[PDB]
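Engineer: Input: one structure, supplied below.
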Amino acid sequence: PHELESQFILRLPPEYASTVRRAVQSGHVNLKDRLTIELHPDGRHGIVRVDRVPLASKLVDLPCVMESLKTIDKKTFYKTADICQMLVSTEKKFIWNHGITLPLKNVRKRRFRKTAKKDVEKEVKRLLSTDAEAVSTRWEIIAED
Amino acid sequence: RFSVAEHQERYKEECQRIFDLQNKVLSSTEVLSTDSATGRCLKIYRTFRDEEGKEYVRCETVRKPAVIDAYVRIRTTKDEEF
Amino acid sequence: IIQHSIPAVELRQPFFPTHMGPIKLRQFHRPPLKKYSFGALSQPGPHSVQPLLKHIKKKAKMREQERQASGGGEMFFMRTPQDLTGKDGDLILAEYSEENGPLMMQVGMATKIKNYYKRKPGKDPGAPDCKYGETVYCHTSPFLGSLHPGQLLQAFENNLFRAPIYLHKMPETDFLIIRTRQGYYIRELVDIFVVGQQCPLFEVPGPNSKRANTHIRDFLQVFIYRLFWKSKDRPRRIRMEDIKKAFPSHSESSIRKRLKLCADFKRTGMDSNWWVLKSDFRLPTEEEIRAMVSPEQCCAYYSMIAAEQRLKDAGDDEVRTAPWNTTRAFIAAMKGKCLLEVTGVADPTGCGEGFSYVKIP
């Protein structure tokens, strides 16, 4: 059938970013050779080569949901894909507490509400599995001291 | 003690003030600098048979409230089912 | 007024999910980066990004030529999923201030930017020119707060909701990368819109609501009709297992009740183990199938199940924050049936900024 395209933002050093932006504007095949993206099996890390120079990169999760919109006439906009991940080239480090826009900054601790992580439920399932493995399970309560 | 006119006026002014504030904060290009009720923990004792002949007993303590609440709810539901 | 893409109106399964798993419900409009089972990306190693600047200009030129063939009249080019892909055309980014929107557009849905300008008292120079959207003039602001005279605010306008948008320049460090099984692709992005709190123009159904139950039945029936169209056999026939794979949550008996009308089952002879279409029954036309289920209805249902999953995960204030209550409250405020307290637990920001959609006397 059809597989939805997956889009992730890429963040690069400003000197490196300026060279890449000029190459993108040129549209030359040299840009394809200059920039290569490698994805780790874990997928929480990436290796990016800029101008054939390897840079350590870690994937981070954008707090806000960002949608790419394409409009032929500039009056009608059609959503193409949803971006929730950014790869940065130079857990709480796998999370980004800051929005891409300058206004939205420290969103997690400002323009966001306290939300449940679910994770915790999976940990409870592991405890239930250990109870099943154990021949006998005993429950007791300890008061805070 | 106007109940409708006073209430409507306050609702309209508060909404407009919030709308102006929300627009200003989002439109701003200014950079921003980076910045249980019981109080009782849960302890579980598990008895298992090891390889050959052994009956080791393991005591595990959970100090995380969310995990404790989820575990207790499942245990109570299991008791309710039987 | 808004026209959705042909895949979005057809409610195609990749664009609109038949069923969502509990982990998928938690990841609502936030897909994880998947690892392809097969393909060039699947093999481990560095992968070169491909410049498609020539492709973007060529596709735009081809669309312009098609418009010239139509006489220069505006033409709808999004007739296929391949057209929907973001690699070609002009791409803009919208970032939502709310962590979770009450209503979120599914992929392939369309929105029109509307720039609302209030004229300055007496003589006015005019509305500011806007690159995106069409400028309009309203005596009364659509948003609860009245627009100041001489002020123009761009907004996203769609059947589901209307949200104010603010244009901001994209960071030079930021770049957009579109990853496909064949290869990575890179597109520069220059414009991003901050999104103000959404004002719902549509109502999310409550869990176990009569409307929610009707939508679930309609979606299953529409999928069954599409399966009959998909079958190339002269006596159209569908497998019960295929519907079950699409809807694991649905009971076999509920699927059987939809199948009982308009379909019959043979256990022996030709078409054995197949649900053949009734000869007397006439299969509904594509326009009728689109009429039965709205894309807006699907988005509201998808929002409700994701919110219900979040409520279930988090063990009365949270119930008020839930979207179905907020959507009903906002519609009541537009009717004028009841006022909404501006400050409430339902506020998405959790701060004075933003509005809380909670019914108040």
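Chain labels run A, B, ... following the order of the structure tokens; each chain numbers its residues from 1, and ligands are numbered from 1 in the order shown.
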Please report as a Markdown table every residue of chain B lying within 10 Å of chain A, along with the nearest atom pair and their distance in Å (one decimal), using only C-alpha atoms.
Structural biologist:
```
| residue | atom | partner | partner_atom | distance |
| --- | --- | --- | --- | --- |
| B:24 | CA | A:103 | CA | 9.6 |
| B:25 | CA | A:103 | CA | 6.6 |
| B:26 | CA | A:103 | CA | 5.5 |
| B:27 | CA | A:103 | CA | 7.1 |
| B:28 | CA | A:103 | CA | 5.9 |
| B:29 | CA | A:103 | CA | 6.2 |
| B:30 | CA | A:103 | CA | 6.8 |
| B:31 | CA | A:102 | CA | 5.6 |
| B:32 | CA | A:105 | CA | 6.1 |
| B:33 | CA | A:105 | CA | 8.0 |
| B:34 | CA | A:106 | CA | 6.7 |
| B:35 | CA | A:106 | CA | 7.2 |
| B:38 | CA | A:143 | CA | 8.2 |
| B:39 | CA | A:144 | CA | 6.1 |
| B:40 | CA | A:143 | CA | 4.4 |
| B:41 | CA | A:142 | CA | 5.4 |
| B:42 | CA | A:141 | CA | 5.1 |
| B:43 | CA | A:140 | CA | 5.5 |
| B:44 | CA | A:139 | CA | 5.0 |
| B:45 | CA | A:138 | CA | 4.9 |
| B:46 | CA | A:137 | CA | 4.8 |
| B:47 | CA | A:136 | CA | 5.0 |
| B:48 | CA | A:134 | CA | 4.5 |
| B:49 | CA | A:135 | CA | 7.2 |
| B:55 | CA | A:135 | CA | 9.5 |
| B:57 | CA | A:134 | CA | 9.3 |
| B:58 | CA | A:134 | CA | 9.4 |
| B:59 | CA | A:138 | CA | 9.3 |
| B:60 | CA | A:127 | CA | 9.9 |
| B:61 | CA | A:142 | CA | 8.8 |
| B:62 | CA | A:142 | CA | 9.9 |
| B:63 | CA | A:144 | CA | 9.5 |
| B:64 | CA | A:120 | CA | 9.4 |
| B:66 | CA | A:120 | CA | 7.0 |
| B:67 | CA | A:120 | CA | 6.0 |
| B:68 | CA | A:124 | CA | 8.4 |
| B:69 | CA | A:124 | CA | 9.6 |
| B:70 | CA | A:124 | CA | 6.8 |
| B:71 | CA | A:124 | CA | 6.1 |
| B:72 | CA | A:139 | CA | 9.6 |
| B:74 | CA | A:128 | CA | 9.0 |
| B:75 | CA | A:128 | CA | 9.4 |
```
Engineer: I'd like to know which residues of chain B are strand (DSSP E) (by DSSP, run on the backbone); could you write them as a ChimeraX atom specification?
Structural biologist: /B:40-47,57-62
Engineer: If we count only C-alpha atoms, what is near segment 63-73 of chain A at a cut-off of 6 Å, once residues fewer than 2 positions away on the same chain are taken out, given as a ChimeraX atom specification?
Structural biologist: /A:75-84 /C:90-96,99
Engineer: Chain C residues within 6 Å of chain A, counting only C-alpha atoms: which ones, as a count of residues only?
Structural biologist: 39
Engineer: Just need the residues of chain C within 7 Å of chain B, counting only C-alpha atoms, so spit them out as a CSV table (one decimal) with N, CA and C atoms, in the first residue's frame.
Structural biologist:
```
chain,number,residue,atom,x,y,z
C,144,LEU,N,-12.5,34.9,21.0
C,144,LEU,CA,-13.3,35.4,22.1
C,144,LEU,C,-12.8,36.9,22.4
C,145,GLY,N,-11.5,37.1,22.4
C,145,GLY,CA,-11.0,38.5,22.5
C,145,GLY,C,-11.2,39.3,21.3
C,146,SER,N,-11.7,40.5,21.4
C,146,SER,CA,-11.9,41.4,20.3
C,146,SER,C,-10.6,41.9,19.7
C,166,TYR,N,1.2,32.8,14.2
C,166,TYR,CA,2.1,33.9,14.2
C,166,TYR,C,3.3,33.5,13.4
C,194,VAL,N,3.8,29.9,14.8
C,194,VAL,CA,3.5,29.5,16.2
C,194,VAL,C,1.9,29.4,16.2
C,342,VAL,N,-12.8,32.1,32.4
C,342,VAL,CA,-11.5,32.3,31.7
C,342,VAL,C,-10.4,31.5,32.3
C,353,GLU,N,-1.9,32.8,30.9
C,353,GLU,CA,-2.0,32.8,29.5
C,353,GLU,C,-2.8,31.6,29.0
C,354,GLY,N,-3.6,31.8,27.9
C,354,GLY,CA,-4.5,30.7,27.4
C,354,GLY,C,-5.9,30.8,28.0
```
Engineer: Determine, counting only C-alpha atoms, which protein, DNA and RNA residues have an atom within 10 Å of an atom of residue 151 of chain C; residues of the same chain fewer than 5 positions away are not included. Present the result as a VMD selection string.
Structural biologist: chain C and resid 116 to 120 127 to 128
Engineer: Could you write out that same residue set with N, CA, C and O atoms as a PDB file, in the first residue's frame?
Structural biologist:
```pdb
ATOM      1  N   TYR C 116      -7.232  37.993   9.650  1.00  0.00           N
ATOM      2  CA  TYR C 116      -8.384  38.825  10.085  1.00  0.00           C
ATOM      3  C   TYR C 116      -7.889  40.224  10.451  1.00  0.00           C
ATOM      4  O   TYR C 116      -7.099  40.347  11.404  1.00  0.00           O
ATOM      5  N   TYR C 117      -8.369  41.243   9.732  1.00  0.00           N
ATOM      6  CA  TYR C 117      -7.914  42.635   9.975  1.00  0.00           C
ATOM      7  C   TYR C 117      -9.105  43.502  10.384  1.00  0.00           C
ATOM      8  O   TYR C 117     -10.152  43.430   9.711  1.00  0.00           O
ATOM      9  N   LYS C 118      -8.949  44.291  11.447  1.00  0.00           N
ATOM     10  CA  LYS C 118     -10.027  45.237  11.834  1.00  0.00           C
ATOM     11  C   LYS C 118      -9.618  46.620  11.319  1.00  0.00           C
ATOM     12  O   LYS C 118      -8.477  47.028  11.595  1.00  0.00           O
ATOM     13  N   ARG C 119     -10.500  47.296  10.579  1.00  0.00           N
ATOM     14  CA  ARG C 119     -10.133  48.598   9.958  1.00  0.00           C
ATOM     15  C   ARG C 119      -9.867  49.655  11.034  1.00  0.00           C
ATOM     16  O   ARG C 119     -10.568  49.637  12.065  1.00  0.00           O
ATOM     17  N   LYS C 120      -8.897  50.543  10.791  1.00  0.00           N
ATOM     18  CA  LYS C 120      -8.612  51.653  11.741  1.00  0.00           C
ATOM     19  C   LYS C 120      -9.800  52.620  11.716  1.00  0.00           C
ATOM     20  O   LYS C 120     -10.469  52.697  10.667  1.00  0.00           O
ATOM     21  N   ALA C 127      -5.201  46.655   4.880  1.00  0.00           N
ATOM     22  CA  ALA C 127      -4.685  45.437   5.547  1.00  0.00           C
ATOM     23  C   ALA C 127      -3.227  45.199   5.145  1.00  0.00           C
ATOM     24  O   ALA C 127      -2.901  45.412   3.961  1.00  0.00           O
ATOM     25  N   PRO C 128      -2.335  44.766   6.064  1.00  0.00           N
ATOM     26  CA  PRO C 128      -0.953  44.431   5.695  1.00  0.00           C
ATOM     27  C   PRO C 128      -0.907  43.242   4.725  1.00  0.00           C
ATOM     28  O   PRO C 128      -1.655  42.299   4.924  1.00  0.00           O
TER      29      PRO C 128
END
```
Engineer: Give me the residues within 9 Å of residue 164 of chain C as a PyMOL selection string, counting only C-alpha atoms and dropping any in the same chain fewer than 4 places off.
Structural biologist: (chain B and resi 23) or (chain C and resi 143+153-157+194-199)
Engineer: What lies within 10 Å of segment 12-22 of chain C using only C-alpha atoms, ignoring chain neighbours under 6 positions off, as a PyMOL selection string?
Structural biologist: (chain A and resi 1-4+118) or (chain C and resi 6+28+81+106-109+216+219-220+223+226+243+245-250+295+298-299+302+305-306+309-310+313)
Engineer: Write out, as a tab-separated table (two decimals), in the first residue's frame, the residues just selected, with N, CA and C atoms.
Structural biologist:
```tsv
chain	number	residue	atom	x	y	z
A	1	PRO	N	0.83	-1.21	0.00
A	1	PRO	CA	0.00	0.00	0.00
A	1	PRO	C	0.87	1.27	0.00
A	2	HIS	N	0.49	2.27	0.80
A	2	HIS	CA	1.26	3.53	0.88
A	2	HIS	C	1.87	3.67	2.28
A	3	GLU	N	3.15	4.03	2.36
A	3	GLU	CA	3.80	4.25	3.68
A	3	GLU	C	3.99	5.76	3.87
A	4	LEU	N	3.50	6.30	4.98
A	4	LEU	CA	3.60	7.77	5.22
A	4	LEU	C	5.08	8.16	5.34
A	118	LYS	N	3.03	7.95	31.05
A	118	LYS	CA	2.32	6.99	30.17
A	118	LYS	C	0.97	7.60	29.76
C	6	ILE	N	-7.91	13.81	-2.08
C	6	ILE	CA	-8.71	12.61	-2.48
C	6	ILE	C	-8.42	11.44	-1.53
C	28	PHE	N	0.30	10.12	19.98
C	28	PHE	CA	-0.75	10.65	19.07
C	28	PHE	C	-0.17	11.82	18.27
C	81	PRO	N	-1.83	9.89	-3.15
C	81	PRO	CA	-0.92	9.96	-2.00
C	81	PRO	C	0.47	10.46	-2.42
C	106	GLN	N	-5.82	15.00	10.56
C	106	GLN	CA	-5.07	13.79	10.14
C	106	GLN	C	-4.26	14.11	8.88
C	107	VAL	N	-3.31	13.26	8.52
C	107	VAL	CA	-2.43	13.54	7.35
C	107	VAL	C	-3.31	13.63	6.09
C	108	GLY	N	-3.05	14.62	5.23
C	108	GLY	CA	-3.82	14.80	3.98
C	108	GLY	C	-5.02	15.72	4.16
C	109	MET	N	-5.33	16.12	5.40
C	109	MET	CA	-6.43	17.09	5.62
C	109	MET	C	-5.98	18.49	5.21
C	216	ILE	N	-18.34	4.54	15.04
C	216	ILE	CA	-17.58	3.26	15.00
C	216	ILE	C	-18.28	2.29	14.04
C	219	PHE	N	-17.79	3.53	10.41
C	219	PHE	CA	-16.41	3.33	9.90
C	219	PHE	C	-16.23	1.86	9.48
C	220	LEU	N	-16.73	0.93	10.30
C	220	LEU	CA	-16.60	-0.52	9.99
C	220	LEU	C	-17.39	-0.82	8.71
C	223	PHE	N	-15.63	0.53	5.61
C	223	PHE	CA	-14.44	-0.30	5.28
C	223	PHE	C	-14.91	-1.56	4.54
C	226	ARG	N	-15.77	-0.71	0.94
C	226	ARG	CA	-14.52	-0.46	0.17
C	226	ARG	C	-13.86	-1.80	-0.17
C	243	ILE	N	-10.97	-8.21	7.74
C	243	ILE	CA	-11.66	-7.17	8.57
C	243	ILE	C	-11.15	-7.27	10.01
C	245	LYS	N	-8.20	-8.31	11.05
C	245	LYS	CA	-6.83	-7.75	11.11
C	245	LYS	C	-6.92	-6.23	11.18
C	246	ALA	N	-7.81	-5.62	10.39
C	246	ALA	CA	-8.01	-4.16	10.44
C	246	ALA	C	-8.56	-3.74	11.81
C	247	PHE	N	-9.48	-4.53	12.37
C	247	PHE	CA	-10.14	-4.14	13.65
C	247	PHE	C	-10.02	-5.28	14.67
C	248	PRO	N	-8.86	-5.47	15.34
C	248	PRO	CA	-8.73	-6.49	16.39
C	248	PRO	C	-9.67	-6.19	17.56
C	249	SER	N	-9.82	-4.91	17.91
C	249	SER	CA	-10.68	-4.52	19.06
C	249	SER	C	-12.13	-4.93	18.79
C	250	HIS	N	-12.61	-4.77	17.56
C	250	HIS	CA	-14.02	-5.10	17.23
C	250	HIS	C	-14.27	-6.59	17.46
C	295	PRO	N	-14.20	13.05	7.49
C	295	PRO	CA	-12.83	13.03	8.03
C	295	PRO	C	-12.83	13.74	9.39
C	298	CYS	N	-13.84	11.40	12.10
C	298	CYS	CA	-12.75	10.43	12.43
C	298	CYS	C	-11.74	11.10	13.36
C	299	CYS	N	-11.37	12.36	13.07
C	299	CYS	CA	-10.35	13.05	13.89
C	299	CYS	C	-10.86	13.23	15.32
C	302	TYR	N	-10.65	9.89	16.99
C	302	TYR	CA	-9.23	9.54	17.26
C	302	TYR	C	-8.74	10.33	18.48
C	305	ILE	N	-10.24	8.69	21.74
C	305	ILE	CA	-9.62	7.41	22.20
C	305	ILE	C	-8.24	7.70	22.80
C	306	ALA	N	-7.46	8.60	22.18
C	306	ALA	CA	-6.13	8.95	22.71
C	306	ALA	C	-6.27	9.61	24.09
C	309	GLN	N	-7.18	7.01	26.64
C	309	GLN	CA	-5.98	6.21	27.00
C	309	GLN	C	-5.16	6.99	28.04
C	310	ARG	N	-4.99	8.30	27.83
C	310	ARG	CA	-4.20	9.13	28.78
C	310	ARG	C	-4.90	9.15	30.15
C	313	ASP	N	-4.33	5.82	31.82
C	313	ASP	CA	-2.93	5.72	32.30
C	313	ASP	C	-2.77	6.52	33.59
```
Engineer: If you run DSSP on this backbone, which residues of chain B come out as alpha helix (DSSP H), and could you give them as a ChimeraX atom specification?
Structural biologist: /B:5-27,65-81
Engineer: Using only C-alpha atoms, can you tell me which of C:319, C:331, C:339, C:292 comes closest to residue 9 of chain B?
Structural biologist: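 Ranking C:319, C:331, C:339, C:292 by distance to residue 9 of chain B, first place goes to C:339.
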Engineer: Expressed in Å to a single decimal, how great is the separation between atom CA of residue 126 of chain A and atom CA of residue 100 of chain C?
Structural biologist: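 Interatomic distance here is 29.2 Å.
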Engineer: With only C-alpha atoms as the counted atoms, please give the residues lying no more than 12 Å from residue 294 of chain C, apart from itself and same-chain residues fewer than 3 positions off, as an NGL selection string.
Structural biologist: :C and (4 or 8-11 or 16 or 106 or 109 or 159-160 or 202 or 215-216 or 218-219 or 222 or 287-291 or 297-301)
Engineer: I'd like the interatomic distance between atom CA of residue 95 of chain A and atom CA of residue 60 of chain A, to a tenth of an Å.
Structural biologist: 5.4 Å
Engineer: Report, in Å with one decimal, the straight-line distance from atom CA of residue 286 of chain C to atom CA of residue 70 of chain C.
Structural biologist: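 Straight-line distance from atom CA of residue 286 of chain C to atom CA of residue 70 of chain C works out to 24.9 Å.
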